[PDB]
């Protein structure tokens, strides 16, 4: 049989795994032969209420993941056709860094190794000419042997042929607290804009995804209670002014400087994912 065809009749829902604004990801057992064991798979589906523009983007998302092959990117397994389409990916037993970090003992060197694998997947993603737009700890997953896998591509976009950015409009609903000022102000999401999001993800790693130190709580503390384009505006006001997330508790200064370098106001002055890989390898070596 075609390894990419999953018939609904052999899919059995275990539990939910994650929920975004547009999609839902659940764990299923695939057992065509009713053998008791079966194969565990993650199935992502578009929520009811997504209009034709979201439905088209959903087709492009499935196609982007079909295309990506990297050790630090969640593997595409196939599709489940109804009348709607569900995206079948591999099951990664350790979950997201947002759910793994608050309850596990993770030393600085292992945190830096996690950050490195993110960069490796991210450098491959940028080489294939794609931007991610949602690089947050919650979208980074751990497989067997704590092997990192970027797990969600819902906002990923193809960067046109010879361009350094994709023009993407209005949304105070998107991960705005992980966003560089240039895509908040100019609606231009550069390759360097994803590097800014890495800096925030590294901050999340160093705060062990502590909800009290979270970008939401820290930026809500400054901006207050805001929604939509009001959040986008108030944040832009803070960022190009020079305001950045604080140095997390127990974070060595040189790591915070790495965060700050990913947070340069001028997009062209931020390191590339290609440059970040050896920097983190050395940082990883420095501590144990």
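Residue numbers count along the first chain shown, from 1.
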{"query": "Residues with no coordinates between residue 82 and residue 83, taken from the deposited sequence as a class", "finding": "1 to 3"}
{"query": "Selected stretch [higher average CA B-factor]: 21 to 29 or 275 to 283", "finding": "275 to 283"}
{"query": "Of 161 to 169 and 177 to 185, the one with larger mean CA B-factor", "finding": "161 to 169"}
{"query": "Largest Cα B-factor, entry values, listed residues 70, 234, 47, 60", "finding": "234"}
{"query": "Cα B factor band for residue 216 (lowest, middle or highest third within the chain)", "finding": "highest"}
{"query": "For residue 40, the third of its chain into which the C-alpha B factor falls", "finding": "middle"}
